[PDB]
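Asks: Just passing along the structure, written as structure tokens.
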Amino acid sequence: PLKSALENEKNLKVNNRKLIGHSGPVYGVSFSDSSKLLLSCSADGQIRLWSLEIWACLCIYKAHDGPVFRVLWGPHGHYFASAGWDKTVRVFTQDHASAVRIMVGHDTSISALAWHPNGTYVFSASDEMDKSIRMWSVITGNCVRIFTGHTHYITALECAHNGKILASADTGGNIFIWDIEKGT
Amino acid sequence: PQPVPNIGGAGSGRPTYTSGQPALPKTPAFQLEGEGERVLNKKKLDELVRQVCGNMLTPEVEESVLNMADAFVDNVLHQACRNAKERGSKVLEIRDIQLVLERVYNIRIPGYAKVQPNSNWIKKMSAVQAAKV
Amino acid sequence: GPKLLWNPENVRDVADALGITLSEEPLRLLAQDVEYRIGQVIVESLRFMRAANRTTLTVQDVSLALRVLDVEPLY
Amino acid sequence: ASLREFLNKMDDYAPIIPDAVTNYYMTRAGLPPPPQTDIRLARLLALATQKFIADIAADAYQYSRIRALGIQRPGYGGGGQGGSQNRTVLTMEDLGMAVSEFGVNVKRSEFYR
Amino acid sequence: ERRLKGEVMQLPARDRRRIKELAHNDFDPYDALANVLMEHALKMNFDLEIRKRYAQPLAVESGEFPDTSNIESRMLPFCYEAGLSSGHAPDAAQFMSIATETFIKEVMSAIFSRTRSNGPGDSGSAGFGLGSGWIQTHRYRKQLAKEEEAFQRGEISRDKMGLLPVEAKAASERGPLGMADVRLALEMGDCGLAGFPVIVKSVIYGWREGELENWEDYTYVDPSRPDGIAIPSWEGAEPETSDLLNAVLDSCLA
Amino acid sequence: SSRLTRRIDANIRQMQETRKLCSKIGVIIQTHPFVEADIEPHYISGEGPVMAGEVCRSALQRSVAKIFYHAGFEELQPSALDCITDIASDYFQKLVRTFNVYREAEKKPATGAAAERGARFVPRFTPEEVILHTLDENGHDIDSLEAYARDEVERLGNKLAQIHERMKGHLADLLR
Amino acid sequence: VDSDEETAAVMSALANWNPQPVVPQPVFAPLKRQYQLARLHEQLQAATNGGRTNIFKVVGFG
Amino acid sequence: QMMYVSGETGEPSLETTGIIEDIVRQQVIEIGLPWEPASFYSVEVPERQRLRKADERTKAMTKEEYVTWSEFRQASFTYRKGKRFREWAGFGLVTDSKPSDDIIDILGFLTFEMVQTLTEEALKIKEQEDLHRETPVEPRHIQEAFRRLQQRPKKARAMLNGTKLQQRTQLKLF
Amino acid sequence: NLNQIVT
Amino acid sequence: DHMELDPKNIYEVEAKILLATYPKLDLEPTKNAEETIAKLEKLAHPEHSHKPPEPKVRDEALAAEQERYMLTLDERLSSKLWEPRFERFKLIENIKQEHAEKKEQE
Amino acid sequence: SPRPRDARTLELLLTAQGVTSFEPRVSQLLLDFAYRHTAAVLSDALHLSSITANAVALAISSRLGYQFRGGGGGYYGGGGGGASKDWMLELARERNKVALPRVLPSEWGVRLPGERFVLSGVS
């Protein structure tokens, strides 16, 4: 059974639950660093934060024009990032209603996101006429590395636990393994 | 005779010796009342707001409204001038502005003065109907 | 102009419905624009389909693509 | 005419829309179903939907009736043999004529070649 | 892959030829970007007249709503851009000013009607008349009806602007229109700004209302609360002369 | 089941009976009563709604067809019915979204008596205002809905009963 | 008419499709920036005499 | 005359009557029952503020003013003016020749109400404008009244909610 | 030669 | 080639430039939130360490009236109640230079 | 079974782009969309006028002011809303100039925004 903190819900017997409140298709879900908080993003253009102890929404974030495609908690779970249709990468903290960092420079929609294990860098990938991967610093908001070579739509990004290697995959069946410090 | 304006492009009011004059020029417009236009243009928006809601805007909304007015004018004029040039005209007329305003924005201002199918379409429809029975 | 995937006879039929007579150049221009709009719709539809981790295209994806482009919906 | 009295009289004003449809579409829009939402609010929403549909029906029946030279309007392809007997048929033309007043376009092609 | 052959061979030869001819297209040099890129990186001298469009302040810069004179100043460069060498009709600027006022009034009315309630009634000379009005609440309706009947009997008097006591009381409680109302109204529809995406994107991407004033306003996660939330209740080198240089530069900028 | 859900079935039944009388009069043909079928027994794991799009769309289509038969039609084109069903689904979702948008609005500063009590922020719209704004935004108001659900269908029923009595009298005279 | 060759040609042609536009897609920005940049360009063109004069030149070592 | 009956006792200028005539002409050019419940069947069997203000003004009127009001009440576009009205409205340019007289009577009934509504709204706008500053009606008041009369009920745009589409319609017939 | 451009 | 840089090669070029500007990065990971807080404190940049901005904000009469009255029907002085660019003189100088050059040819 | 041309063509084009399956009613949706677009464009071009190519181009340009601000355009291509890149760069410059918020280890993961911006008292 799943447990609820509400007095009326004391000793309730169910092992699955529903979170309702988005108005369009949901495209991302992210557990926070037991997990207490959930983040979701939808085609309606909003980001929602849910409590898994009372099973209700706490806050809505509305910094996007158009659909949001991906949302991700940070490695330790206070900052988070989001990206979608309007080509911009946004970084928030759960403390503030407005995004604290804006990342500009992709020429197309964003299709993948990833964090660095130290919590100070982010990775993004775009599609179509601009199939590149960009590395962003969170202190300044600028781009520090560009990786090029993919010719198909990119589906996944992943950084190694040692902070030195990057991996990407596309719809052609290839997986690219990159050195981060050399950019090769 | 009829008062006549200044033409030529040389300029008027220059205190020099290049005097040249018309038989009867038109008196320049002037006012000596006390209520200037530079101040009434700063209350026109308040007058409009009074009209609709029947100051009343924060500093951050008036800026957006003024941007709206600028963009509307510099947009309608651009479309209307090209439309006028399309149909073989050397001047801009109210009809072009009216067409743009009515077809792009649904705005109608009073007081300033059909398609049918041809035989091929009818033949195709007759063929389809005959096939359907 | 280029070679067109869309047949100008479709445009000629549409103009027939409204009693209009077209020349060659405007006909080719309209056909080219229709082809380009079809391409745009397909691109957006595939974007929405891939955002959901799928290889099957549904009517919902096309409807979302039309909604994002400011097009009047079809029912 | 108070809202409290109307909501208290919701027993007599329930629409013909089943509760399952109401729950499904409320969930799609983002509202949890009447177990957590008041049943009267859901009934009110369904009643508004029924009223809207009945308006759109009364028009398009008016359009069908005033229609009873003489060729169809392009862009409303549909139908077969045309029904039978002197019966009133709901056609694409009348529905399009009616819903154009609500801001909806339903135009299609008649043939495809 | 044996079904693709059948699908392709079900097309008639004309369609197959038309499809195959696409290979003759000379790819996409996209050289047309150049003009766009350039946009970002005896006779009459019409350029001299056209360059006069940038010598007048914008409404946002001067703080003045556009009028007939400003629109007249704007018209002629547009006419010379398009090849209209005879200018414009004498009566066009007044028409344009009327249209601009109508457009702004429509936008503002649409925004106001979605965030306000309890406006003046149709008792006389004040209200929305035969246009679109606001919503009312039960208590306001009851009091307004009572006061209208009382005034008709001659026991009540309006103020200098012609409002009844309930209407004046309701009006006094309203405030100036803020950005939160605009943001809420833009979530309901276009409001007439479909052709002005920059205004909408400026509204959406900005700071929230009241956010910069209350920078350190925080709540906390508390599962034991009703909503799960707890509310707390070289000469002159730069480093040694930067301040003096900043003072001088601030004086220059004024 | 309600006073409104009833009397619509009565109106439709009266329409069918009078149409049978018309058929006989014209002769000087047979219709079946309307019945709604239910689903087979179903089980759900946990507390939540049944998310089956096909069955819900079919039930909505049945409701729309009943309303359109009440309007006065006798035959239909399948594409038109599909179009109107799609429009109805879109309208319902729009209405619910409007309610949610008004309910979850940003707060506003407190003033007057509330401020004197120490409050800093208050809800932008009251619970009554949320509902009134939703109905107004989607083209309705309490008086219109109450009139529709309380008087119009009853007036139609009385008119139908009068017409049926007149037709019965006409047929009785004709046979004699 | 070989069916395999025809299928290969048709699919290869359809895989490389890339339509061209009739008019370019507009790019949007605020009016204030456009007016300001136009004014700055006018002033700088007047100052430099159309590029015939280098006003940024430095003679000496400071 | 039509304006005079509707509470406009001043002397309107040429521009005001010109704009009013323009609006009325545009409306005229733009312009049991078949859809009753009896139509549900294939057999048919034969069966079997304005007023109060006007009254107050009339009471306040004198004998001569009342006589003038009564005489002016009978103004008409079409009465004894069939040829003039048909030429004015361009009947042959929008419809086949010689519509019946019933159409002419109905159009005469409608134009009077058009003018009356316009005048009554313009007077209220003028009074509200006069109050805030501290003569007859002018073209800008008529413009404001026309802008008010062209607004449509919210039921006609409910299907555009949540989207960024522009509403485009025809000329409303007030 | 991108190397020459960068240099 | 035509232009110095071909647009299709822009990204690659940009990439190389970045490699020459940030040859070293801080790639060592952290084990808990305290270490991340310390790292964010340590890597602060002055150019990105400002405070949030401030909110947007909004007798001589007789002499002025007499002066305004005395300026009635004035073409230029009335409007005021001045950046000389010498455009005409520069144009005249350009024309004179061009004419002298043309004459020298013959 | 009968099937119109341009429908087989649209389906073959979809297959060539990597779509392994699609619902039957996508082709007719696309065909009807093309019909509507053509009708609207040429109805616009009729009023600006025999119709020339300049009228068609002007109608297309006018329509491009309020719709079709998407597609897969890249460098200075009007996609994703059509916003200029310099404007976005200056907005980013304004935003990224502020210092990152200061968080203590005891409020990391538990602190929320202000009361004005959270969903309290909503039931």
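Asks: Where Rh denotes the Kirkwood radius from the mean inverse Cα pair distance, what is Rg over Rh for chain H? Provide the component values of the computation, followed by the final result.
Replies: Values: Rg = 20.8 Å, Rh = 19.8 Å.
With Rg and the Kirkwood Rh in hand, the quotient comes to 1.05.
Asks: Positive end of the dipole of the protein assembly as shown, charges at C-beta (+1 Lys, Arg; -1 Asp, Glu), about the Cα centre: which of A:153, C:58, K:45 has its Cα farthest in that direction?
Replies: In the protein assembly as shown, that residue is C:58.
Asks: Can you pull the Kirkwood radius for chain D, inverse mean 1/r over Cα pairs, to one decimal in Å?
Replies: Values: mean 1/r = 0.0575 Å⁻¹.
Computed over Cα pairs of chain D, the Kirkwood hydrodynamic radius comes out at 17.4 Å.
Asks: Also, I was wondering about something else. Using a 10 Å cut-off on Cβ to Cβ distances, tally the other chain neighbours for every residue of G:5-11 and report the average as a whole number.
Replies: The shielding value for this peptide is 6.
Asks: Which of rounded, prolate or oblate describes the stretch H:1-70 when judged by the alpha-carbon gyration tensor and an a/c cut-off of 1.5? Please report the intermediate quantities before stating the final value.
Replies: Working: a/c = 4.38, a/b = 1.78, b/c = 2.46.
Taking the square roots of the gyration eigenvalues as a ≥ b ≥ c, the stretch H:1-70 is oblate.
Asks: How would you classify the protein assembly as shown from its alpha-carbon gyration tensor, with a ≥ b ≥ c the square roots of the eigenvalues: rounded for a/c under 1.5, else prolate if a/b is greater than b/c, otherwise oblate?
Replies: Cα axes put the protein assembly as shown in the rounded bin.
Asks: Report the semi-axes of the equivalent ellipsoid for the stretch B:32-110 in whole Å, largest first, where each axis is √(5λ) for an eigenvalue λ of the Cα gyration tensor.
Replies: Working: eigenvalues 192, 56, 32 Å².
Working from the Cα gyration tensor, I get semi-axes of 31, 17, 13 Å.
Asks: Counting other beta carbons within 10 Å of each residue's own, what order do H:110, G:40, C:29 fall into, fewest first?
Replies: Exposure proxy ranking, most exposed first: G:40, H:110, C:29.
Asks: From the phi of every residue in the stretch K:115-123, what ³J(HN,Hα) in whole Hz does the Karplus formula 6.51 cos²θ - 1.76 cosθ + 1.60 yield, where θ is phi - 60° and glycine or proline is x?
Replies: My calculation for the stretch K:115-123 gives 4, 5, 10, 10, 9, 10, x, 9, 8 Hz in order.
Asks: Amide H of residue A:30 versus every other amide H placed in the peptide plane: which residues, excluding those fewer than 5 positions away on the same chain, fall under 5 Å?
Replies: Sorted by chain and number, the residues that satisfy this are A:39.
Asks: If you take the beta carbon distance between residue E:234 and residue J:21 as r and set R0 to 22 Å, what does 1/(1 + (r/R0)^6) give as a FRET efficiency, to the nearest 0.05? All intermediate terms of the calculation are to be shown ahead of the outcome.
Replies: On the way: r = 26 Å, r/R0 = 1.16.
It comes to 0.30.
Asks: Right, here's the next one. So what are the ³J(HN,Hα) numbers for the stretch A:134-140, from phi and the Karplus equation (6.51, -1.76, 1.60; θ = phi - 60°), rounded to whole Hz, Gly and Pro as x?
Replies: Residue by residue, the stretch A:134-140 yields 10, 10, 10, 8, 7, 6, 9 Hz.
Asks: Taking square-rooted eigenvalues a ≥ b ≥ c of the alpha carbon gyration tensor, is chain B rounded, prolate or oblate, where a/c under 1.5 means rounded and, failing that, a/b exceeding b/c means prolate?
Replies: oblate
Asks: If one computes P(r) from the Cα atoms of the stretch E:40-142, what percent of pairs lie at distances over 25 Å?
Replies: I get 48 percent for the Cα pairs in the stretch E:40-142 exceeding 25 Å.
Asks: For the charge dipole of the stretch D:1-86, defined by +1 on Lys and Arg C-beta atoms and -1 on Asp and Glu C-beta atoms about the Cα centroid, which residue among D:6, D:36, D:52 has the Cα displaced farthest towards the positive pole?
Replies: Going by the Cα projections, it comes out as D:52.
Asks: So, counting K/R as plus one and D/E as minus one, what does the shell of residues with Cβ under 15 Å around residue D:40 add up to? Please list the in-between numbers first.
Replies: Details: positive: D:4, D:9, D:43; negative: D:5, D:11, D:12, D:19, D:38, F:128, F:146.
Result for the local shell: -4.
Asks: Using a 10 Å cut-off on Cβ to Cβ distances, tally the other chain neighbours for every residue of D:75-87 and report the average as a whole number. Write out the running numbers ahead of the final one.
Replies: Values: counts 7, 2, 5, 5, 6, 4, 3, 4, 4, 1, 5, 3, 5.
Across the residues of D:75-87, the mean count of other-chain Cβ atoms within 10 Å is 4.
Asks: Further question on the same structure: Compute the distance in nm between two label points, each set 7 Å from the Cα along the Cα-to-Cβ direction, one at residue K:40 and one at residue G:37.
Replies: Result for the modelled spin labels: 3.0 nm.
Asks: Still on this model: Going 7 Å from the Cα of residue D:68 along its beta-carbon direction, which residues of the stretch H:8-49 have the amide nitrogen within less than 20 Å of the resulting point?
Replies: Only H:32-47 pass the distance filter.
Asks: Only Cα pairs under 8 Å and at least 6 apart count here; give the relative contact order of the stretch A:130-184 as a rounded whole percent.
Replies: 25
Asks: Apply the Karplus curve 6.51 cos²θ - 1.76 cosθ + 1.60, θ = phi - 60°, to the phi angles in the stretch A:44-57 and return the couplings in whole Hz, x for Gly and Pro.
Replies: My calculation for the stretch A:44-57 gives 6, x, 10, 10, 10, 10, 10, 8, 8, 9, 10, 6, 8, 7 Hz in order.
Asks: Moving to a separate point now. Under unit Cβ charges (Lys, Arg +1; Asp, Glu -1), what dipole magnitude, rounded to 20 debye, does the stretch B:49-96 have relative to its Cα centre?
Replies: Taking the Cα centre of the stretch B:49-96 as origin, the dipole is about 420 debye.
Asks: For each of K:87, A:115, A:85, E:234, count neighbouring Cβ atoms within 10 Å of the residue's Cβ, then give the residues from fewest to most.
Replies: Ascending number of Cβ neighbours within 10 Å: E:234, K:87, A:115, A:85.
Asks: To continue, here is another question. With each run of n ≥ 4 DSSP H residues scored as -39500 (n - 2.57), what mean residue ellipticity at 222 nm is computed for the protein assembly as shown after dividing by its residue count and rounding to the nearest 500 deg cm²/dmol?
Replies: So the calculated ellipticity at 222 nm is -14500 deg cm²/dmol.
Asks: Given contacts defined as C-alpha pairs under 8 Å and at least six residues apart, what's the relative contact order of the stretch E:93-229, whole-number percent?
Replies: The value is 20 percent.
Asks: Would you give the gap between the C-alpha center of the stretch E:81-100 and the C-alpha center of the stretch F:106-136, rounded to a whole Å?
Replies: Each part's Cα centre sits 48 Å from the other's.
Asks: Right, here's the next one. Other chains' Cβ within 10 Å of H:85-92 residues: what's the mean?
Replies: 0
Asks: Once you treat every alpha carbon in the stretch A:1-100 as an equal point and sum by Debye, what is log10 I(q)/I(0) at q = 0.18, 0.23, 0.25 Å⁻¹?
Replies: -0.84, -1.21, -1.37
Asks: Non-local amide H neighbours of residue D:90 (under 5 Å, H modeled in plane, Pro and chain starts lacking H): which ones?
Replies: For residue D:90, whose amide H was placed from the backbone, the distant partners under 5 Å are F:74, F:75, F:76, F:77.
Asks: How big is the C-alpha Rg of chain G next to the rule-of-thumb value 2.2 N^0.38 Å, as a ratio?
Replies: Here the answer is 2.61, to two decimals.
Asks: Provide the three semi-axes, in whole Å and in decreasing order, of the ellipsoid equivalent to the stretch H:107-163 as defined by the square roots of 5 times the Cα gyration tensor eigenvalues. Walk me through the intermediate numbers first.
Replies: Values: eigenvalues 152, 77, 11 Å².
So the equivalent ellipsoid measures 28, 20, 7 Å along its semi-axes.
Asks: Once you keep just the Cα pairs under 8 angstrom separated by 6 or more residues, what percentage relative contact order results for the stretch E:170-230?
Replies: Once divided by the residue count of the stretch E:170-230, the mean separation gives 23 percent.
Asks: Shifting gears a bit: Order of E:199, D:53 from fewest to most other C-beta atoms within 10 Å?
Replies: Least to most surrounded, the residues fall as E:199, D:53.
Asks: Taking 1 over the mean of 1/r across every pair of different Cα atoms in chain K, what Kirkwood radius in Å do you get?
Replies: Mean inverse Cα-Cα distance, inverted, gives 20.9 Å.
Asks: Residues with amide H under 5 Å of residue K:112's amide H, sequence separation 5 or more or different chain, H placed in the peptide plane at 1.01 Å from N; which?
Replies: Residues meeting the criterion, in which the H sits 1.01 Å from N, are E:219, E:220, E:221.
Asks: Right, something else. Taking a label point 7 Å from the Cα of residue H:102 along the Cα→Cβ vector, which residues of the stretch H:75-96 have an amide N closer than 16 Å to it?
Replies: none
Virtual Cβ from ideal backbone geometry, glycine too; neighbours counted across all protein chains shown. The numbers here are math on the coordinates, done by the rules we state, and not lab data.
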